[PDB]
Each structure stands twice: as C-alpha cells, then as structure tokens.
file coords_15.txt (compact mmCIF, C-alpha atoms)
# COMPACT_ATOMS: atom_id res chain seq x y z
CA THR A 1 1.75 -26.77 -63.72
CA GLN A 2 0.24 -24.81 -66.59
CA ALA A 3 3.23 -25.59 -68.78
CA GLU A 4 4.55 -28.24 -71.14
CA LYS A 5 7.73 -29.62 -69.59
CA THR A 6 10.85 -29.87 -71.75
CA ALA A 7 11.89 -33.54 -71.92
CA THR A 8 14.37 -34.61 -69.24
CA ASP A 9 16.59 -37.71 -69.18
CA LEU A 10 14.96 -41.01 -68.24
CA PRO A 11 16.41 -44.45 -67.49
CA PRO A 12 17.33 -45.92 -70.88
CA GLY A 13 14.60 -48.59 -70.70
CA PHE A 14 11.95 -45.86 -70.77
CA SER A 15 13.74 -43.24 -72.86
CA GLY A 16 11.80 -43.94 -76.05
CA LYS A 17 13.22 -42.07 -79.02
CA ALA A 18 15.18 -39.47 -77.02
CA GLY A 19 18.46 -40.72 -78.48
CA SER A 20 17.48 -40.22 -82.10
CA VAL A 21 15.65 -36.92 -81.47
CA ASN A 22 18.85 -35.39 -80.04
CA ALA A 23 21.14 -36.82 -82.72
CA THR A 24 22.54 -34.87 -85.68
CA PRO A 25 21.75 -36.41 -89.10
CA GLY A 26 24.46 -36.95 -91.68
CA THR A 27 24.30 -34.75 -94.77
CA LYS A 28 26.88 -36.42 -97.03
CA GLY A 29 26.46 -39.25 -99.54
CA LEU A 30 22.71 -38.73 -99.90
CA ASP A 31 22.80 -39.52 -103.63
CA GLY A 32 24.07 -43.04 -102.97
CA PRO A 33 27.55 -44.44 -103.64
CA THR A 34 30.15 -42.50 -105.62
CA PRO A 35 30.78 -44.11 -109.04
CA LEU A 36 34.08 -45.24 -110.56
CA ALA A 37 35.53 -43.38 -113.57
CA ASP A 38 33.45 -45.34 -116.09
CA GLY A 39 30.20 -44.75 -114.22
CA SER A 40 29.93 -48.25 -112.77
CA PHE A 41 30.48 -48.99 -109.06
CA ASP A 42 33.20 -50.77 -107.11
CA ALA A 43 31.69 -54.16 -106.33
CA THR A 44 35.00 -55.45 -104.96
CA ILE A 45 34.61 -53.47 -101.71
CA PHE A 46 34.55 -55.55 -98.51
CA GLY A 47 36.15 -55.59 -95.09
CA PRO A 48 36.60 -53.05 -92.30
CA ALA A 49 37.79 -49.44 -92.36
CA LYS A 50 40.95 -50.61 -90.57
CA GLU A 51 42.25 -53.81 -88.97
CA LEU A 52 40.74 -54.63 -85.56
CA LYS A 53 43.34 -55.51 -82.91
CA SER A 54 41.13 -55.56 -79.81
CA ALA A 55 37.63 -54.75 -78.57
CA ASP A 56 38.66 -51.08 -78.37
CA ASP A 57 38.74 -51.07 -82.19
CA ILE A 58 35.08 -52.10 -82.64
CA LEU A 59 34.11 -49.02 -84.69
CA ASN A 60 36.73 -50.10 -87.26
CA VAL A 61 34.24 -52.54 -88.79
CA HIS A 62 32.27 -49.64 -90.26
CA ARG A 63 33.79 -48.67 -93.60
CA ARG A 64 32.12 -45.28 -94.18
CA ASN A 65 33.47 -45.59 -97.72
CA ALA A 66 31.63 -43.20 -100.05
CA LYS A 67 32.28 -45.55 -103.00
CA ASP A 68 30.61 -48.53 -101.28
CA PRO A 69 27.70 -49.92 -103.34
CA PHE A 70 26.78 -52.23 -100.44
CA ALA A 71 25.77 -49.36 -98.16
CA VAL A 72 22.56 -47.39 -97.68
CA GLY A 73 22.34 -44.09 -95.83
CA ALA A 74 24.58 -41.09 -95.20
CA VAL A 75 28.32 -41.74 -95.18
CA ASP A 76 28.51 -39.39 -92.17
CA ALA A 77 25.47 -40.77 -90.32
CA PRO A 78 26.09 -40.69 -86.57
CA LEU A 79 25.46 -44.47 -86.29
CA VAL A 80 26.53 -47.27 -88.61
CA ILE A 81 25.10 -50.79 -88.64
CA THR A 82 27.48 -53.37 -90.10
CA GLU A 83 25.63 -56.50 -91.18
CA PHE A 84 27.02 -59.94 -92.05
CA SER A 85 24.52 -61.88 -94.11
CA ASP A 86 23.84 -64.85 -96.42
CA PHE A 87 21.28 -64.73 -99.26
CA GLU A 88 20.08 -68.29 -98.55
CA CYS A 89 19.55 -67.76 -94.82
CA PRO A 90 15.93 -67.49 -93.65
CA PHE A 91 16.88 -65.39 -90.62
CA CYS A 92 18.66 -62.98 -92.95
CA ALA A 93 15.55 -62.87 -95.12
CA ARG A 94 13.35 -62.24 -92.09
CA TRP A 95 15.50 -59.37 -90.89
CA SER A 96 15.46 -57.84 -94.38
CA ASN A 97 11.71 -58.27 -94.82
CA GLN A 98 10.50 -57.36 -91.34
CA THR A 99 13.11 -55.28 -89.49
CA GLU A 100 15.05 -53.39 -92.15
CA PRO A 101 12.07 -51.53 -93.60
CA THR A 102 11.24 -49.92 -90.24
CA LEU A 103 14.89 -48.98 -89.77
CA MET A 104 14.84 -47.39 -93.21
CA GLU A 105 11.72 -45.38 -92.40
CA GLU A 106 12.70 -44.25 -88.92
CA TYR A 107 16.47 -43.84 -89.17
CA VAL A 108 18.21 -44.38 -92.51
CA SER A 109 15.91 -42.08 -94.48
CA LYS A 110 16.47 -39.38 -91.85
CA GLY A 111 20.27 -39.51 -92.08
CA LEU A 112 20.67 -41.05 -88.63
CA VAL A 113 21.84 -44.55 -89.56
CA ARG A 114 23.93 -46.08 -92.35
CA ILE A 115 23.60 -49.81 -93.01
CA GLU A 116 26.55 -51.64 -94.61
CA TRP A 117 26.31 -55.16 -96.05
CA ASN A 118 29.10 -57.71 -95.65
CA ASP A 119 29.03 -61.11 -97.31
CA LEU A 120 29.17 -64.16 -95.10
CA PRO A 121 28.15 -67.15 -97.20
CA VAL A 122 27.56 -70.01 -94.74
CA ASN A 123 25.05 -72.03 -96.74
CA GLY A 124 27.20 -73.57 -99.44
CA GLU A 125 27.02 -73.40 -103.20
CA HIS A 126 23.72 -71.54 -103.63
CA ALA A 127 24.81 -68.95 -101.04
CA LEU A 128 28.10 -68.37 -102.83
CA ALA A 129 26.34 -68.07 -106.21
CA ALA A 130 23.89 -65.60 -104.71
CA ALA A 131 26.70 -63.49 -103.30
CA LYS A 132 28.36 -63.39 -106.75
CA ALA A 133 25.06 -62.27 -108.26
CA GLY A 134 24.75 -59.64 -105.53
CA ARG A 135 28.16 -58.27 -106.44
CA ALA A 136 27.23 -58.24 -110.11
CA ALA A 137 24.15 -56.16 -109.22
CA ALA A 138 26.24 -53.86 -107.04
CA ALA A 139 28.65 -53.22 -109.95
CA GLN A 140 25.71 -51.62 -111.74
CA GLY A 141 24.45 -49.70 -108.72
CA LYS A 142 21.50 -51.92 -107.89
CA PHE A 143 22.63 -53.87 -104.85
CA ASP A 144 19.91 -52.71 -102.46
CA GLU A 145 17.16 -53.33 -105.00
CA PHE A 146 18.54 -56.78 -105.88
CA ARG A 147 18.87 -57.68 -102.21
CA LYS A 148 15.33 -56.54 -101.45
CA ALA A 149 13.86 -58.43 -104.43
CA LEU A 150 15.71 -61.63 -103.55
CA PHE A 151 14.69 -61.59 -99.91
CA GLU A 152 11.08 -60.63 -100.78
CA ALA A 153 10.92 -63.81 -102.86
CA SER A 154 12.02 -65.70 -99.72
CA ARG A 155 9.46 -64.08 -97.41
CA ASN A 156 7.54 -67.33 -96.82
CA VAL A 157 10.46 -69.77 -96.94
CA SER A 158 11.53 -71.26 -93.61
CA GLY A 159 14.54 -73.01 -95.09
CA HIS A 160 16.88 -72.24 -97.98
CA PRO A 161 15.31 -71.16 -101.28
CA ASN A 162 18.08 -72.83 -103.32
CA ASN A 163 18.11 -69.99 -105.83
CA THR A 164 19.83 -70.47 -109.17
CA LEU A 165 20.92 -68.31 -112.12
CA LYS A 166 17.44 -67.77 -113.57
CA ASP A 167 16.23 -66.62 -110.16
CA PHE A 168 19.13 -64.18 -109.81
CA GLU A 169 18.46 -62.84 -113.29
CA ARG A 170 14.81 -62.21 -112.42
CA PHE A 171 15.82 -60.34 -109.26
CA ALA A 172 18.27 -58.30 -111.34
CA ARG A 173 15.49 -57.39 -113.80
CA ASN A 174 13.16 -56.50 -110.89
CA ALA A 175 15.96 -54.34 -109.52
CA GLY A 176 16.41 -52.45 -112.79
CA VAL A 177 19.92 -53.69 -113.65
CA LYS A 178 20.58 -52.07 -117.02
CA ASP A 179 23.19 -54.36 -118.59
CA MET A 180 22.00 -57.94 -118.22
CA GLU A 181 24.76 -59.33 -120.42
CA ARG A 182 27.33 -58.01 -117.97
CA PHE A 183 25.24 -59.11 -115.01
CA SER A 184 24.87 -62.71 -116.18
CA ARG A 185 28.55 -63.00 -117.08
CA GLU A 186 29.80 -61.54 -113.78
CA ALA A 187 27.29 -63.56 -111.76
CA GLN A 188 28.93 -66.72 -113.08
CA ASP A 189 32.60 -66.13 -113.86
CA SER A 190 35.65 -65.66 -111.66
CA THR A 191 35.28 -61.86 -111.29
CA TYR A 192 34.23 -61.91 -107.62
CA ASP A 193 35.81 -65.18 -106.47
CA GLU A 194 38.78 -63.63 -104.68
CA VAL A 195 36.80 -60.90 -102.91
CA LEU A 196 34.19 -63.39 -101.69
CA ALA A 197 36.93 -65.64 -100.31
CA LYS A 198 38.56 -62.68 -98.58
CA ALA A 199 35.26 -61.39 -97.20
CA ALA A 200 34.55 -64.77 -95.61
CA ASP A 201 38.06 -64.89 -94.11
CA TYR A 202 37.58 -61.39 -92.68
CA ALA A 203 34.30 -62.32 -90.99
CA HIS A 204 35.78 -65.50 -89.58
CA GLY A 205 38.68 -63.49 -88.17
CA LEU A 206 36.15 -61.50 -86.14
CA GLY A 207 34.69 -64.77 -84.88
CA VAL A 208 31.28 -64.25 -86.50
CA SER A 209 29.67 -67.66 -86.01
CA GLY A 210 26.34 -67.38 -87.76
CA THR A 211 24.13 -65.17 -89.91
CA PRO A 212 22.83 -62.63 -89.65
CA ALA A 213 25.16 -60.80 -87.32
CA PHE A 214 25.38 -57.09 -86.66
CA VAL A 215 27.63 -54.48 -85.18
CA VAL A 216 25.30 -51.62 -84.28
CA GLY A 217 27.72 -48.82 -83.48
CA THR A 218 29.80 -50.39 -80.72
CA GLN A 219 27.41 -53.25 -79.90
CA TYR A 220 27.25 -56.78 -81.32
CA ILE A 221 23.89 -58.42 -82.00
CA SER A 222 23.69 -62.01 -83.19
CA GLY A 223 20.70 -63.19 -85.20
CA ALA A 224 17.38 -61.75 -86.36
CA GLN A 225 16.39 -60.50 -82.91
CA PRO A 226 13.04 -58.70 -82.54
CA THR A 227 12.76 -55.29 -84.22
CA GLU A 228 12.18 -53.68 -80.82
CA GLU A 229 15.63 -54.85 -79.68
CA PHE A 230 17.38 -53.29 -82.66
CA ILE A 231 15.50 -50.07 -81.89
CA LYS A 232 16.62 -49.98 -78.25
CA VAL A 233 20.26 -50.56 -79.23
CA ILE A 234 20.11 -47.91 -81.97
CA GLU A 235 18.61 -45.41 -79.53
CA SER A 236 21.24 -46.21 -76.90
CA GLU A 237 24.09 -45.80 -79.40
CA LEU A 238 22.69 -42.52 -80.71
CA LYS A 239 22.41 -41.16 -77.16
CA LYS A 240 26.05 -42.08 -76.51
CA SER A 241 27.26 -40.79 -79.89
CA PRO A 242 24.85 -38.23 -81.33
CA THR A 243 27.25 -36.72 -83.90
CA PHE A 244 29.88 -37.82 -86.37
CA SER A 245 32.51 -35.75 -88.12
CA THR A 246 34.77 -37.17 -90.82
CA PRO A 247 38.44 -36.73 -89.79
CA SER A 248 40.08 -33.81 -91.59
CA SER A 249 43.17 -35.97 -92.22
CA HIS A 250 41.19 -38.33 -94.48
call {"tool": "encode", "arguments": {"input": "coords_15.txt", "output": "structure tokens"}}
result
Amino acid sequence: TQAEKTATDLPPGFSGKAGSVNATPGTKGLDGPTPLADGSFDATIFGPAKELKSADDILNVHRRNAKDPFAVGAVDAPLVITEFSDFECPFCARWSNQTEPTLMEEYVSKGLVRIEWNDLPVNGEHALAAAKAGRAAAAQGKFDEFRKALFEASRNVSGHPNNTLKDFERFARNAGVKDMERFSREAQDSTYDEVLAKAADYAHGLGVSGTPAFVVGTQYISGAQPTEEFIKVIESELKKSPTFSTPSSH
C-alpha cells in the first residue's frame, strides 16, 4: 500500500500507548489545590470519596477533591491513582524516585492521570512523625515538594532512614515552605494526630497489608512493581475509561 494506515486495535499486550492517545485530558484543577479562606490548605483531608461496601465500589477510593493538597494532576483526569505510602519505607522511596517521575512526564503533566497520596504509616514512630511533617507541609501548599525532597534524600537507603525533626525541617526548607514557625509547631504537636489515626484505620479497613499500595483506576497493585507494569495498567484503564465528567449533582 502507498498509504499510512490509521492505527487499529491490537491485543492489549502489544497496544503500546493507544489507551492514552485516545483519552481525553482533564482541564480542571490545573493550578493545584483550591485554598481555604485564609489562603492555607486543608491538610486534614484523607479517606475515600465515599464508603466502599463491595468490590463494585472500587472507584470510591479516589477523592477527586479540588481542595486536596495531597493530590497532583487534574481533578477531572480520566484516571486516578490512589497511593498508600509510608515516608520511612524504601519501596515507597523507590517508587517515588524511579517510577513517579516518568508518570508525571507521560501522564500527569498531560492531564491524563491524577495521583492522590494517602498516609499509611507502618514503620513506627519515625513514620508517624514523618507523616505529621508531611501534613504540616501540605497545610502550606508544599506537600509534593516536601515528599519529593524527603524521598530524594532516601534514594540510596535500603532500609529506613530514621528521619527526625531537623531532617523534616530541611526538607521543608528545600520545598519552599514559607512559614517555618508554623511548620515546626504543627510537625510536632497534636494538630494531625486524629487524622493520621483515622487515615490508618481507613486503609486497614480496605485490607491494605503493606506499602506502597495503589489503586490505579479500578485495579489494585501491591508494592513498587516495575515502572513498565504501572504503564501497562494505566494504558489498560485509559482504554476502558478514556473520559471523565464530574457529576452535575455535585
């Protein structure tokens, strides 16, 4: 033939990026999370969009909450990735350092995927302290930057870094947190105790048994699996659900 064929459907194992190329990017929430009245952000956000009662409710884990400082990407992206993670976990660090940046480049930056963080501290006192510090950073709109700085500092650590207050403060500075007095206070006091307890209870109610864990659209993935696996699941989910429209009733 003296023509360029239009792409036709292939078995999913050889479909490449057909899913994402046919998907419709989200156009809302591109400027990040919506602030509270005082200009800060709601760092008490956790949990699902709605209670899950059965496997049919799997999409309920994705909040799509425009006020959520723990989310990156369009609030109306056609695919959401819900992540359960621990700041002391080396598999969580590896996913953040090695997999997340390609997902940002290929999908999140294009409006195709939203990634939402959920706390699941499994590693004891340093993990809980890190999660409190993460919420303190989120209150000032710097969660993603704080998270990236913390995990970058763990890039060569095969165990737990055992981070403490001075470490969290450095990551906050790296992240550009403006009010360090508020950060240091909220990273240590009772501000986020209740929400962190509730977030852990929520994850345990789903049966999440280790970190990191992901719900990619409708599919569960446990652990820092190879980047290529996340890509295949993302492409499959985007082929199945190429568009998202916020319900008018909301």
call {"tool": "atom_distance", "arguments": {"input": "coords_15.txt", "atom1": "CA of residue 232 in chain A", "atom2": "CA of residue 14 in chain A"}}
result
9.7 Å
call {"tool": "atom_distance", "arguments": {"input": "coords_15.txt", "atom1": "CA of residue 133 in chain A", "atom2": "CA of residue 42 in chain A"}}
result
14.1 Å
call {"tool": "atom_distance", "arguments": {"input": "coords_15.txt", "atom1": "CA of residue 227 in chain A", "atom2": "CA of residue 73 in chain A"}}
result
18.8 Å
call {"tool": "residues_near_point", "arguments": {"input": "coords_15.txt", "point": "(17.4, -69.5, -100.2)", "cutoff": "12 Å", "atoms": "only C-alpha atoms", "output": "number ranges by chain"}}
result
A: 86-94, 121-131, 150-164, 167-168
call {"tool": "closest_atom_pairs", "arguments": {"input": "coords_15.txt", "of": "range 114-220 of chain A", "to": "range 47-51 of chain A", "cutoff": "8 Å", "atoms": "all atoms listed in the file", "output": "Markdown table"}}
result
| residue | atom | partner | partner_atom | distance |
| --- | --- | --- | --- | --- |
| A:118 | CA | A:47 | CA | 7.4 |
| A:199 | CA | A:47 | CA | 6.2 |
| A:202 | CA | A:47 | CA | 6.4 |
